[PDB]
file start.pdb (PDB, C-alpha atoms (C1' of nucleotides) and all ligand atoms)
ATOM      1  CA  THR A 206      73.884-100.449   2.455
ATOM      2  CA  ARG A 207      74.586-101.889   5.920
ATOM      3  CA  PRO A 208      71.718-102.280   8.399
ATOM      4  CA  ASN A 209      71.536 -99.625  11.067
ATOM      5  CA  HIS A 210      69.332 -98.807  14.021
ATOM      6  CA  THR A 211      68.461 -95.680  12.100
ATOM      7  CA  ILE A 212      66.483 -95.575   8.867
ATOM      8  CA  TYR A 213      66.647 -92.553   6.588
ATOM      9  CA  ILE A 214      63.371 -91.314   5.163
ATOM     10  CA  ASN A 215      62.893 -88.688   2.452
ATOM     11  CA  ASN A 216      60.496 -87.396  -0.232
ATOM     12  CA  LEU A 217      58.405 -86.431   2.761
ATOM     13  CA  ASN A 218      55.866 -83.664   2.251
ATOM     14  CA  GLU A 219      57.757 -80.500   3.128
ATOM     15  CA  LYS A 220      54.748 -78.526   4.445
ATOM     16  CA  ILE A 221      54.314 -80.886   7.371
ATOM     17  CA  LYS A 222      55.380 -79.405  10.722
ATOM     18  CA  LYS A 223      58.316 -80.835  12.596
ATOM     19  CA  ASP A 224      56.001 -82.010  15.375
ATOM     20  CA  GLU A 225      53.277 -83.522  13.197
ATOM     21  CA  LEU A 226      56.027 -85.280  11.286
ATOM     22  CA  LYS A 227      57.523 -86.660  14.501
ATOM     23  CA  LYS A 228      54.067 -87.641  15.847
ATOM     24  CA  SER A 229      52.814 -89.011  12.548
ATOM     25  CA  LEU A 230      56.098 -90.766  11.879
ATOM     26  CA  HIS A 231      55.909 -92.529  15.242
ATOM     27  CA  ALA A 232      52.487 -93.696  14.024
ATOM     28  CA  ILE A 233      53.733 -95.417  10.890
ATOM     29  CA  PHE A 234      56.872 -96.866  12.498
ATOM     30  CA  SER A 235      56.002 -98.023  16.050
ATOM     31  CA  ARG A 236      54.897-101.479  14.960
ATOM     32  CA  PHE A 237      58.441-102.616  14.175
ATOM     33  CA  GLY A 238      60.192-101.853  17.418
ATOM     34  CA  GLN A 239      60.865 -99.540  20.314
ATOM     35  CA  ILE A 240      61.879 -96.193  18.881
ATOM     36  CA  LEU A 241      64.435 -94.056  20.653
ATOM     37  CA  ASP A 242      63.723 -90.877  18.725
ATOM     38  CA  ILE A 243      62.706 -89.169  15.491
ATOM     39  CA  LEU A 244      64.808 -86.281  14.290
ATOM     40  CA  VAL A 245      63.266 -83.696  11.955
ATOM     41  CA  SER A 246      64.802 -80.596  10.375
ATOM     42  CA  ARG A 247      63.096 -78.110   8.073
ATOM     43  CA  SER A 248      66.330 -76.378   7.190
ATOM     44  CA  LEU A 249      66.775 -76.070   3.435
ATOM     45  CA  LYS A 250      69.493 -78.718   3.595
ATOM     46  CA  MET A 251      67.481 -81.182   5.671
ATOM     47  CA  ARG A 252      63.838 -80.432   4.943
ATOM     48  CA  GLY A 253      61.550 -83.190   3.775
ATOM     49  CA  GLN A 254      63.758 -85.749   5.482
ATOM     50  CA  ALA A 255      63.850 -87.531   8.814
ATOM     51  CA  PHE A 256      65.771 -90.098  10.835
ATOM     52  CA  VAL A 257      64.075 -92.737  12.921
ATOM     53  CA  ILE A 258      66.284 -94.253  15.608
ATOM     54  CA  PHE A 259      65.382 -97.803  16.597
ATOM     55  CA  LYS A 260      66.394 -99.612  19.772
ATOM     56  CA  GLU A 261      66.833-102.711  17.585
ATOM     57  CA  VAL A 262      68.412-103.020  14.156
ATOM     58  CA  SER A 263      66.221-106.025  13.352
ATOM     59  CA  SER A 264      63.489-103.430  13.844
ATOM     60  CA  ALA A 265      64.795-100.996  11.234
ATOM     61  CA  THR A 266      65.143-103.701   8.587
ATOM     62  CA  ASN A 267      61.698-104.845   9.662
ATOM     63  CA  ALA A 268      60.518-101.290   9.056
ATOM     64  CA  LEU A 269      62.360-100.285   5.884
ATOM     65  CA  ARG A 270      61.594-103.530   4.078
ATOM     66  CA  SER A 271      57.920-103.228   4.885
ATOM     67  CA  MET A 272      57.216 -99.483   4.613
ATOM     68  CA  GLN A 273      59.306 -98.923   1.470
ATOM     69  CA  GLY A 274      57.379 -96.674  -0.914
ATOM     70  CA  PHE A 275      54.329 -96.600   1.321
ATOM     71  CA  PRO A 276      52.109 -93.525   1.202
ATOM     72  CA  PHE A 277      52.531 -90.813   3.737
ATOM     73  CA  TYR A 278      50.494 -87.555   3.778
ATOM     74  CA  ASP A 279      49.781 -87.360  -0.006
ATOM     75  CA  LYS A 280      53.104 -88.729  -1.191
ATOM     76  CA  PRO A 281      55.312 -91.829  -0.986
ATOM     77  CA  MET A 282      58.306 -92.038   1.275
ATOM     78  CA  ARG A 283      61.732 -93.540   0.531
ATOM     79  CA  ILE A 284      63.667 -95.401   3.201
ATOM     80  CA  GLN A 285      67.303 -96.453   3.382
ATOM     81  CA  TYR A 286      69.595 -97.317   6.228
ATOM     82  CA  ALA A 287      71.235 -94.226   7.674
ATOM     83  CA  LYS A 288      74.867 -93.900   6.542
ATOM     84  CA  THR A 289      76.209 -93.738  10.082
ATOM     85  CA  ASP A 290      75.030 -94.340  13.649
ATOM     86  CA  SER A 291      73.307 -91.440  15.343
ATOM     87  CA  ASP A 292      74.925 -89.881  18.431
ATOM     88  CA  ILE A 293      72.411 -91.387  20.830
ATOM     89  CA  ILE A 294      73.473 -94.782  19.427
ATOM     90  CA  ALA A 295      77.186 -94.346  18.783
ATOM     91  CA  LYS A 296      77.777 -94.065  22.526
ATOM     92  CA  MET A 297      76.582 -97.617  23.196
TER      93      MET A 297
ATOM     94  CA  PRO B 404      51.557 -89.915  31.858
ATOM     95  CA  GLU B 405      50.540 -93.303  31.235
ATOM     96  CA  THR B 406      48.348 -94.298  28.428
ATOM     97  CA  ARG B 407      45.770 -96.169  30.248
ATOM     98  CA  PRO B 408      44.049 -98.786  28.252
ATOM     99  CA  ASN B 409      40.244 -98.747  27.937
ATOM    100  CA  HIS B 410      37.480 -99.566  25.429
ATOM    101  CA  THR B 411      37.290 -96.178  23.705
ATOM    102  CA  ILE B 412      39.791 -94.920  21.143
ATOM    103  CA  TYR B 413      40.672 -91.340  20.257
ATOM    104  CA  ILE B 414      41.850 -90.628  16.752
ATOM    105  CA  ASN B 415      43.212 -87.260  15.697
ATOM    106  CA  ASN B 416      45.018 -85.718  12.733
ATOM    107  CA  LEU B 417      41.867 -86.532  10.734
ATOM    108  CA  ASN B 418      41.174 -84.526   7.596
ATOM    109  CA  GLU B 419      39.447 -81.282   8.498
ATOM    110  CA  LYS B 420      38.080 -80.755   4.960
ATOM    111  CA  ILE B 421      35.828 -83.847   4.981
ATOM    112  CA  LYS B 422      32.132 -83.582   5.916
ATOM    113  CA  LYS B 423      31.806 -84.690   9.506
ATOM    114  CA  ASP B 424      28.766 -86.746   8.450
ATOM    115  CA  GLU B 425      30.657 -88.692   5.797
ATOM    116  CA  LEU B 426      33.645 -88.922   8.104
ATOM    117  CA  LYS B 427      31.560 -90.762  10.670
ATOM    118  CA  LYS B 428      30.463 -93.210   7.973
ATOM    119  CA  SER B 429      34.004 -93.799   6.731
ATOM    120  CA  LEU B 430      34.995 -94.263  10.363
ATOM    121  CA  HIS B 431      32.297 -96.835  10.978
ATOM    122  CA  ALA B 432      33.303 -98.951   7.999
ATOM    123  CA  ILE B 433      37.052 -98.878   8.468
ATOM    124  CA  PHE B 434      36.667 -99.773  12.159
ATOM    125  CA  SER B 435      33.636-102.089  12.192
ATOM    126  CA  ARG B 436      36.194-104.836  11.518
ATOM    127  CA  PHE B 437      37.548-104.865  15.053
ATOM    128  CA  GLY B 438      34.297-105.862  16.676
ATOM    129  CA  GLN B 439      31.202-104.208  18.100
ATOM    130  CA  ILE B 440      30.860-100.442  17.938
ATOM    131  CA  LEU B 441      28.606 -98.750  20.479
ATOM    132  CA  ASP B 442      29.019 -95.334  18.925
ATOM    133  CA  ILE B 443      31.262 -92.930  17.053
ATOM    134  CA  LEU B 444      31.612 -89.326  18.195
ATOM    135  CA  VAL B 445      32.969 -86.983  15.557
ATOM    136  CA  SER B 446      33.987 -83.560  16.876
ATOM    137  CA  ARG B 447      32.261 -80.293  15.946
ATOM    138  CA  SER B 448      34.263 -77.437  17.552
ATOM    139  CA  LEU B 449      36.668 -75.145  15.690
ATOM    140  CA  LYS B 450      39.118 -76.264  18.347
ATOM    141  CA  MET B 451      38.442 -80.017  18.256
ATOM    142  CA  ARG B 452      38.351 -80.007  14.476
ATOM    143  CA  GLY B 453      39.878 -83.174  13.073
ATOM    144  CA  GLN B 454      39.328 -85.622  15.928
ATOM    145  CA  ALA B 455      36.794 -88.265  16.958
ATOM    146  CA  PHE B 456      35.994 -91.105  19.377
ATOM    147  CA  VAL B 457      35.165 -94.744  18.657
ATOM    148  CA  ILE B 458      33.448 -96.495  21.532
ATOM    149  CA  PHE B 459      33.873-100.257  21.318
ATOM    150  CA  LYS B 460      31.623-102.683  23.187
ATOM    151  CA  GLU B 461      34.742-104.663  24.128
ATOM    152  CA  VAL B 462      38.114-103.339  25.249
ATOM    153  CA  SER B 463      40.260-105.913  23.454
ATOM    154  CA  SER B 464      38.553-104.645  20.323
ATOM    155  CA  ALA B 465      39.729-101.108  20.938
ATOM    156  CA  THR B 466      43.241-102.477  21.429
ATOM    157  CA  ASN B 467      43.459-104.277  18.078
ATOM    158  CA  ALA B 468      41.770-101.307  16.489
ATOM    159  CA  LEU B 469      44.434 -98.884  17.679
ATOM    160  CA  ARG B 470      47.348-101.137  16.852
ATOM    161  CA  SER B 471      46.214-102.160  13.383
ATOM    162  CA  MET B 472      45.028 -98.836  11.998
ATOM    163  CA  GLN B 473      47.841 -96.889  13.689
ATOM    164  CA  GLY B 474      49.247 -94.421  11.150
ATOM    165  CA  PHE B 475      46.886 -95.816   8.553
ATOM    166  CA  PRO B 476      46.211 -93.455   5.610
ATOM    167  CA  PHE B 477      42.790 -91.828   5.605
ATOM    168  CA  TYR B 478      41.964 -88.951   3.216
ATOM    169  CA  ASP B 479      45.648 -88.099   2.729
ATOM    170  CA  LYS B 480      46.434 -87.968   6.469
ATOM    171  CA  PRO B 481      47.771 -90.820   8.684
ATOM    172  CA  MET B 482      45.436 -91.626  11.554
ATOM    173  CA  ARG B 483      46.909 -91.385  15.029
ATOM    174  CA  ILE B 484      45.130 -93.257  17.772
ATOM    175  CA  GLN B 485      45.416 -93.519  21.509
ATOM    176  CA  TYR B 486      43.095 -94.308  24.360
ATOM    177  CA  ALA B 487      40.698 -91.693  25.661
ATOM    178  CA  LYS B 488      41.439 -90.581  29.213
ATOM    179  CA  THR B 489      39.655 -92.549  31.980
TER     180      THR B 489
ATOM    181  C1'   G C   1      69.523 -51.294  43.486
ATOM    182  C1'   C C   2      70.580 -49.654  39.261
ATOM    183  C1'   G C   3      75.346 -49.418  35.681
ATOM    184  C1'   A C   4      79.920 -50.307  33.538
ATOM    185  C1'   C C   5      84.398 -53.803  32.401
ATOM    186  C1'   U C   6      86.240 -58.606  31.760
ATOM    187  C1'   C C   7      85.141 -63.594  30.669
ATOM    188  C1'   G C   8      81.330 -66.889  29.919
ATOM    189  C1'   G C   9      76.018 -68.980  28.985
ATOM    190  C1'   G C  10      71.738 -68.945  25.347
ATOM    191  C1'   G C  11      67.675 -69.298  21.562
ATOM    192  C1'   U C  12      67.016 -68.758  16.245
ATOM    193  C1'   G C  13      60.363 -70.728  15.081
ATOM    194  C1'   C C  14      55.418 -70.248  12.525
ATOM    195  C1'   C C  15      53.106 -69.349   6.693
ATOM    196  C1'   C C  16      46.663 -66.951   5.066
ATOM    197  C1'   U C  17      51.289 -65.663  -0.722
ATOM    198  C1'   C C  18      55.329 -66.450  -3.788
ATOM    199  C1'   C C  19      60.466 -68.523  -5.586
ATOM    200  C1'   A C  20      64.354 -71.973  -4.756
ATOM    201  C1'   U C  21      65.403 -77.211  -2.755
ATOM    202  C1'   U C  22      64.879 -84.653  -3.198
ATOM    203  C1'   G C  23      68.573 -82.762   0.504
ATOM    204  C1'   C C  24      72.436 -88.728   5.331
ATOM    205  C1'   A C  25      71.713 -85.363  10.139
ATOM    206  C1'   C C  26      72.711 -84.873  15.801
ATOM    207  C1'   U C  27      78.999 -78.716  14.002
ATOM    208  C1'   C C  28      71.339 -77.267  15.654
ATOM    209  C1'   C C  29      69.575 -70.042  10.420
ATOM    210  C1'   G C  30      67.669 -70.265   2.284
ATOM    211  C1'   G C  31      65.262 -65.693  -0.773
ATOM    212  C1'   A C  32      60.569 -62.194  -0.833
ATOM    213  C1'   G C  33      56.941 -60.613   1.905
ATOM    214  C1'   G C  34      53.483 -61.902   6.738
ATOM    215  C1'   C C  35      53.297 -63.138  12.663
ATOM    216  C1'   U C  36      55.348 -62.961  17.760
ATOM    217  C1'   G C  37      59.578 -61.245  20.438
ATOM    218  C1'   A C  38      64.427 -57.939  23.399
ATOM    219  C1'   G C  39      66.405 -61.248  19.809
ATOM    220  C1'   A C  40      63.749 -65.936  14.686
ATOM    221  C1'   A C  41      71.235 -64.701  12.771
ATOM    222  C1'   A C  42      74.718 -60.514  14.243
ATOM    223  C1'   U C  43      79.666 -61.688  17.452
ATOM    224  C1'   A C  44      72.847 -58.646  17.316
ATOM    225  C1'   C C  45      70.039 -59.251  21.385
ATOM    226  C1'   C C  46      69.407 -61.567  26.078
ATOM    227  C1'   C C  47      71.318 -63.615  30.518
ATOM    228  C1'   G C  48      75.391 -65.195  34.619
ATOM    229  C1'   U C  49      72.754 -67.873  41.452
ATOM    230  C1'   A C  50      68.361 -66.975  39.233
ATOM    231  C1'   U C  51      60.173 -67.836  41.660
ATOM    232  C1'   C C  52      64.941 -62.303  37.327
ATOM    233  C1'   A C  53      68.102 -65.737  30.041
ATOM    234  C1'   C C  54      67.902 -70.765  28.342
ATOM    235  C1'   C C  55      67.323 -76.110  28.661
ATOM    236  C1'   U C  56      64.551 -80.918  30.226
ATOM    237  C1'   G C  57      59.904 -82.642  30.849
ATOM    238  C1'   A C  58      57.032 -81.875  25.932
ATOM    239  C1'   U C  59      56.041 -86.142  20.251
ATOM    240  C1'   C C  60      52.768 -82.414  27.561
ATOM    241  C1'   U C  61      47.911 -79.921  28.870
ATOM    242  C1'   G C  62      44.145 -75.563  28.038
ATOM    243  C1'   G C  63      42.947 -71.440  24.955
ATOM    244  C1'   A C  64      43.687 -68.471  20.527
ATOM    245  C1'   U C  65      45.511 -67.962  15.474
ATOM    246  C1'   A C  66      46.287 -68.326   8.576
ATOM    247  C1'   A C  67      50.027 -70.764  11.751
ATOM    248  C1'   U C  68      53.677 -71.374  15.581
ATOM    249  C1'   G C  69      55.768 -72.366  23.606
ATOM    250  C1'   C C  70      51.461 -66.912  19.880
ATOM    251  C1'   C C  71      49.165 -66.677  25.199
ATOM    252  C1'   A C  72      48.455 -69.613  29.748
ATOM    253  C1'   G C  73      49.510 -73.719  32.825
ATOM    254  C1'   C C  74      53.339 -77.099  34.387
ATOM    255  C1'   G C  75      56.763 -73.136  37.005
ATOM    256  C1'   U C  76      58.451 -71.332  44.370
ATOM    257  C1'   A C  77      59.452 -78.156  39.346
ATOM    258  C1'   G C  78      64.396 -80.522  37.855
ATOM    259  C1'   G C  79      68.727 -78.257  35.713
ATOM    260  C1'   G C  80      71.517 -73.649  34.458
ATOM    261  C1'   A C  81      77.177 -69.295  33.490
ATOM    262  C1'   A C  82      80.744 -64.761  38.147
ATOM    263  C1'   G C  83      84.640 -62.003  39.344
ATOM    264  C1'   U C  84      85.992 -56.937  39.222
ATOM    265  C1'   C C  85      84.795 -51.381  39.385
ATOM    266  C1'   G C  86      81.570 -47.353  40.056
ATOM    267  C1'   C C  87      77.272 -44.054  42.231
TER     268        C C  87
HETATM  269  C1  LIG A 501      65.193 -66.438  17.520
HETATM  270  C2  LIG A 501      64.298 -66.499  18.691
HETATM  271  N1  LIG A 501      64.739 -67.130  19.745
HETATM  272  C3  LIG A 501      64.013 -67.216  20.825
HETATM  273  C4  LIG A 501      62.755 -66.636  20.873
HETATM  274  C5  LIG A 501      62.029 -66.741  22.135
HETATM  275  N2  LIG A 501      61.356 -67.977  22.517
HETATM  276  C6  LIG A 501      61.284 -69.073  21.772
HETATM  277  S1  LIG A 501      60.403 -70.139  22.824
HETATM  278  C7  LIG A 501      60.231 -68.982  24.171
HETATM  279  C8  LIG A 501      59.638 -69.049  25.504
HETATM  280  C9  LIG A 501      58.884 -70.246  25.859
HETATM  281  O1  LIG A 501      58.486 -70.127  27.171
HETATM  282  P1  LIG A 501      57.683 -71.340  27.632
HETATM  283  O2  LIG A 501      58.486 -72.572  27.520
HETATM  284  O3  LIG A 501      56.351 -71.484  26.755
HETATM  285  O4  LIG A 501      57.369 -71.032  29.156
HETATM  286  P2  LIG A 501      56.536 -72.226  29.750
HETATM  287  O5  LIG A 501      55.200 -72.361  28.977
HETATM  288  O6  LIG A 501      57.336 -73.544  29.641
HETATM  289  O7  LIG A 501      56.242 -71.893  31.270
HETATM  290  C10 LIG A 501      60.833 -67.925  23.699
HETATM  291  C11 LIG A 501      60.923 -66.660  24.581
HETATM  292  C12 LIG A 501      62.275 -65.968  19.755
HETATM  293  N3  LIG A 501      61.022 -65.367  19.771
HETATM  294  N4  LIG A 501      63.079 -65.915  18.668
HETATM  295 MG    MG A 502      60.986 -63.091   5.667
HETATM  296 MG    MG A 503      58.691 -74.755  29.603
HETATM  297 MG    MG A 504      50.002 -75.696  23.267
HETATM  298 MG    MG A 505      55.006 -70.029  28.000
HETATM  299 MG    MG A 506      46.821 -63.864  23.519
HETATM  300 MG    MG A 507      62.098 -72.762  36.711
END

call {"tool": "encode", "arguments": {"input": "start.pdb", "output": "C-alpha cells"}}
result
Amino acid sequence: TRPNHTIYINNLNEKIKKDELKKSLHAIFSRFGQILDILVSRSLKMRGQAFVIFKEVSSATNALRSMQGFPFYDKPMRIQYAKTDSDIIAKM
Amino acid sequence: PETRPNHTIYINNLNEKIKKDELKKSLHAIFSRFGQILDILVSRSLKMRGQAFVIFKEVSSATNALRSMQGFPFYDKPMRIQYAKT
RNA sequence: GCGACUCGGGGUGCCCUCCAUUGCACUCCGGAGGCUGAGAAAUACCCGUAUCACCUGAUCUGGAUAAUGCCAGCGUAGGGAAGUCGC
C-alpha cells in the first residue's frame, strides 16, 4: 500500500470506549509526529477499528513500521496505511 | 489549557484490579530508571481509582519519564501520563 | 403568550448479561434485554433569533453510576434555521 498521513488500526479491543480509545491511542502514537485527529466508531461496521491522522506522512510510516503488532489493552493491533486521505487532509 | 511542565507526573488509566500496595511497587521499579524518586502517591478513592503521582527529585527526569513510558503497557492497560497541575 | 401551516435545522450514546461482527471511515443507528431522555432511529421527537433545540470548545473540569454530557460547571461563552395564519 501507498504511504498516507492516516494509518488504519484494527483488531482493537471492542469493549474500549470511544474516548478511552482516542485518549489511549494518542498515548501510543504521539511519539511519531503531530497528530491531527483520531477517529473512532463503535458501529457494527466500524467497531474495533480506528484512524489516526498524522500531520506528516513520514510520521505514519514511522508509526506503522514501529508499532506493528504491538500490544494494546490485552490484544495486538494491526496497522496499515489508510486506503484514501481523510477529509481533513484531502482539502490540503 | 496548557500542560505546564513540572517535576511531578500524573498517570491514569491504571488497572483498578491491582492491589494499590503492589501497584506502588511496580510503579517504583518501572520508573526508578528516570532518576531520583521522592515519592509515589497511589490513589485510594472510589473516584480517583486507577491513578497515581510520581514525584521526581529533578524535573528533567519527570520529562523523560512521561515521554518514554507514554502509552506503555502495564497490567493490560496503556499508561497515560501528563504533568500534575501547578 | 400560547397554537396551527409551510419550509428548514438537529442529536442518535452508555452495558452490571447475552448473541452476532476482524469490519478502510469522515454519506455520522446491529439483535435481546438494562440506563438516561422529549427523542438513543422514525420522516419519531425536538427546535427555528434563541441566557428557550443542536454544535464547537471537550481527547475539558467536578460529582455520581454497572456505565455513559447520567447530573453540574463552562454557559448571559463562540456559533446556530423564519415567514405566514389564528385566539
Ligand atoms: C438519541 C439521543 N439524542 C440526543 C440525546 C440528548 N443528549 C445527548 S447529549 C445532551 C445534552 C448535553 O448537554 P451538555 O453539553 O452536557 O450541556 P453542557 O454540560 O455543555 O452545559 C443531550 C440532551 C439523547 N438522550 N438521545
Ligand atoms: Mg436494547
Ligand atoms: Mg456543552
Ligand atoms: Mg464529566
Ligand atoms: Mg450538561
Ligand atoms: Mg444526579
Ligand atoms: Mg450558549

call {"tool": "residues_near_ligand", "arguments": {"input": "start.pdb", "ligand": "ligand LIG 501 (chain A)", "cutoff": "6 Å", "atoms": "only C-alpha atoms (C1' of nucleotides) and all ligand atoms", "output": "number ranges by chain"}}
result
C: 11-12, 37, 39-40, 69, 75

call {"tool": "residues_near_ligand", "arguments": {"input": "start.pdb", "ligand": "ligand MG 504 (chain A)", "cutoff": "9 Å", "atoms": "only C-alpha atoms (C1' of nucleotides) and all ligand atoms", "output": "PDB file with C-alpha atoms (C1' of nucleotides), in the coordinates of the input"}}
result
ATOM      1  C1'   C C  60      52.768 -82.414  27.561  1.00  0.00           C
ATOM      2  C1'   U C  61      47.911 -79.921  28.870  1.00  0.00           C
ATOM      3  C1'   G C  62      44.145 -75.563  28.038  1.00  0.00           C
ATOM      4  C1'   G C  63      42.947 -71.440  24.955  1.00  0.00           C
ATOM      5  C1'   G C  69      55.768 -72.366  23.606  1.00  0.00           C
TER       6        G C  69
END

call {"tool": "closest_residue", "arguments": {"input": "start.pdb", "among": "A:261, A:225, A:279, A:242", "to": "chain B", "atoms": "all atoms listed in the file"}}
result
A:279

call {"tool": "closest_atom_pairs", "arguments": {"input": "start.pdb", "of": "chain A", "to": "chain C", "cutoff": "12 Å", "atoms": "only C-alpha atoms (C1' of nucleotides)", "output": "CSV"}}
result
residue,atom,partner,partner_atom,distance
A:211,CA,C:24,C1',10.5
A:212,CA,C:24,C1',9.7
A:213,CA,C:24,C1',7.1
A:214,CA,C:24,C1',9.4
A:215,CA,C:22,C1',7.2
A:216,CA,C:22,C1',6.0
A:217,CA,C:22,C1',9.0
A:218,CA,C:22,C1',10.6
A:219,CA,C:21,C1',10.2
A:220,CA,C:15,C1',9.6
A:221,CA,C:15,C1',11.6
A:222,CA,C:14,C1',9.3
A:223,CA,C:59,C1',9.6
A:224,CA,C:59,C1',6.4
A:225,CA,C:59,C1',8.0
A:226,CA,C:59,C1',9.0
A:227,CA,C:59,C1',6.0
A:228,CA,C:59,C1',5.1
A:229,CA,C:59,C1',8.8
A:230,CA,C:59,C1',9.6
A:231,CA,C:59,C1',8.1
A:232,CA,C:59,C1',10.4
A:240,CA,C:59,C1',11.7
A:241,CA,C:59,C1',11.5
A:242,CA,C:59,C1',9.2
A:243,CA,C:59,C1',8.7
A:244,CA,C:25,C1',8.1
A:245,CA,C:25,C1',8.8
A:246,CA,C:25,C1',8.4
A:247,CA,C:23,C1',10.4
A:248,CA,C:29,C1',7.8
A:249,CA,C:30,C1',6.0
A:250,CA,C:23,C1',5.2
A:251,CA,C:23,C1',5.5
A:252,CA,C:23,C1',6.9
A:253,CA,C:23,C1',7.8
A:254,CA,C:23,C1',7.5
A:255,CA,C:25,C1',8.3
A:256,CA,C:25,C1',7.6
A:257,CA,C:25,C1',11.0
A:258,CA,C:26,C1',11.4
A:282,CA,C:22,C1',10.9
A:283,CA,C:22,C1',10.1
A:284,CA,C:24,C1',11.2
A:285,CA,C:24,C1',9.5
A:286,CA,C:24,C1',9.1
A:287,CA,C:24,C1',6.1
A:288,CA,C:24,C1',5.8
A:289,CA,C:24,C1',7.9
A:290,CA,C:26,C1',10.0
A:291,CA,C:26,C1',6.6
A:292,CA,C:26,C1',6.1
A:293,CA,C:26,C1',8.2
A:294,CA,C:26,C1',10.6
A:295,CA,C:26,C1',10.9

call {"tool": "interface_residues", "arguments": {"input": "start.pdb", "of": "chain B", "to": "chain C", "cutoff": "12 Å", "atoms": "only C-alpha atoms (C1' of nucleotides)", "output": "list in words"}}
result
residues 404, 405, 449, 450, 451 and 483 of chain B

call {"tool": "resolve_selection", "arguments": {"input": "start.pdb", "expression": "the PyMOL selection byres (((not hetatm)) within 9 of (chain A and resi 502))", "output": "PyMOL selection string"}}
result
chain C and resi 31-34

call {"tool": "atom_distance", "arguments": {"input": "start.pdb", "atom1": "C1' of residue 71 in chain C", "atom2": "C1' of residue 35 in chain C"}}
result
13.7 Å

call {"tool": "residues_near_ligand", "arguments": {"input": "start.pdb", "ligand": "ligand MG 507 (chain A)", "cutoff": "9 Å", "atoms": "only C-alpha atoms (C1' of nucleotides) and all ligand atoms", "output": "count of residues only"}}
result
7

call {"tool": "resolve_selection", "arguments": {"input": "start.pdb", "expression": "the PyMOL selection byres ((chain B) within 8 of (chain A and not hetatm))", "output": "VMD selection string"}}
result
chain B and resid 470 473 to 476 479 to 483

call {"tool": "write_last_selection", "arguments": {"input": "start.pdb", "atoms": "C-alpha atoms", "output": "PDB file, in the coordinates of the input"}}
result
ATOM      1  CA  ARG B 470      47.348-101.137  16.852  1.00  0.00           C
ATOM      2  CA  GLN B 473      47.841 -96.889  13.689  1.00  0.00           C
ATOM      3  CA  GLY B 474      49.247 -94.421  11.150  1.00  0.00           C
ATOM      4  CA  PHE B 475      46.886 -95.816   8.553  1.00  0.00           C
ATOM      5  CA  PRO B 476      46.211 -93.455   5.610  1.00  0.00           C
ATOM      6  CA  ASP B 479      45.648 -88.099   2.729  1.00  0.00           C
ATOM      7  CA  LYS B 480      46.434 -87.968   6.469  1.00  0.00           C
ATOM      8  CA  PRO B 481      47.771 -90.820   8.684  1.00  0.00           C
ATOM      9  CA  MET B 482      45.436 -91.626  11.554  1.00  0.00           C
ATOM     10  CA  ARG B 483      46.909 -91.385  15.029  1.00  0.00           C
TER      11      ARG B 483
END

call {"tool": "resolve_selection", "arguments": {"input": "start.pdb", "expression": "the PyMOL selection byres (((chain B and resi 406) around 10) and not hetatm)", "output": "number ranges by chain"}}
result
B: 404-405, 407-409, 485-489

call {"tool": "residues_near_point", "arguments": {"input": "start.pdb", "point": "(40.6, -101.3, 20.3)", "cutoff": "12 Å", "atoms": "all atoms listed in the file", "output": "ChimeraX atom specification"}}
result
/B:408-414,434-440,456-473,484-487

call {"tool": "residues_around", "arguments": {"input": "start.pdb", "residues": "range 2-8 of chain C", "least_positions_apart": "6", "cutoff": "12 Å", "atoms": "all atoms listed in the file", "output": "ChimeraX atom specification"}}
result
/C:47-48,81-87

call {"tool": "atom_distance", "arguments": {"input": "start.pdb", "atom1": "CA of residue 268 in chain A", "atom2": "CA of residue 237 in chain A"}}
result
5.7 Å

call {"tool": "residues_near_ligand", "arguments": {"input": "start.pdb", "ligand": "ligand MG 503 (chain A)", "cutoff": "9 Å", "atoms": "only C-alpha atoms (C1' of nucleotides) and all ligand atoms", "output": "JSON, numbers by chain"}}
result
{"C": [55, 56, 57, 58, 69, 74, 75]}

call {"tool": "atom_distance", "arguments": {"input": "start.pdb", "atom1": "CA of residue 453 in chain B", "atom2": "CA of residue 428 in chain B"}}
result
14.7 Å

call {"tool": "axis_aligned_box", "arguments": {"input": "start.pdb", "around": "range 424-440 of chain B", "padding_each_side": "8 Å", "output": "AutoDock Vina command-line options"}}
result
--center_x 33.2 --center_y -96.3 --center_z 11.9 --size_x 24.8 --size_y 35.1 --size_z 28.3

call {"tool": "decode", "arguments": {"input": "start.pdb", "residues": "range 65-76 of chain C", "atoms": "C-alpha atoms (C1' of nucleotides)", "output": "PDB file, in the first residue's frame"}}
result
ATOM      1  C1'   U C  65     -23.083   5.406  38.313  1.00  0.00           C
ATOM      2  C1'   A C  66     -22.523  -1.242  36.360  1.00  0.00           C
ATOM      3  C1'   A C  67     -21.552   2.658  32.637  1.00  0.00           C
ATOM      4  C1'   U C  68     -22.334   6.988  29.637  1.00  0.00           C
ATOM      5  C1'   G C  69     -22.551  15.281  28.673  1.00  0.00           C
ATOM      6  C1'   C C  70     -26.180  10.429  33.719  1.00  0.00           C
ATOM      7  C1'   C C  71     -26.051  15.332  36.812  1.00  0.00           C
ATOM      8  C1'   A C  72     -23.342  20.040  37.362  1.00  0.00           C
ATOM      9  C1'   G C  73     -19.961  23.666  35.669  1.00  0.00           C
ATOM     10  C1'   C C  74     -18.018  26.094  31.328  1.00  0.00           C
ATOM     11  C1'   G C  75     -22.997  28.694  29.675  1.00  0.00           C
ATOM     12  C1'   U C  76     -25.705  35.974  29.799  1.00  0.00           C
TER      13        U C  76
END
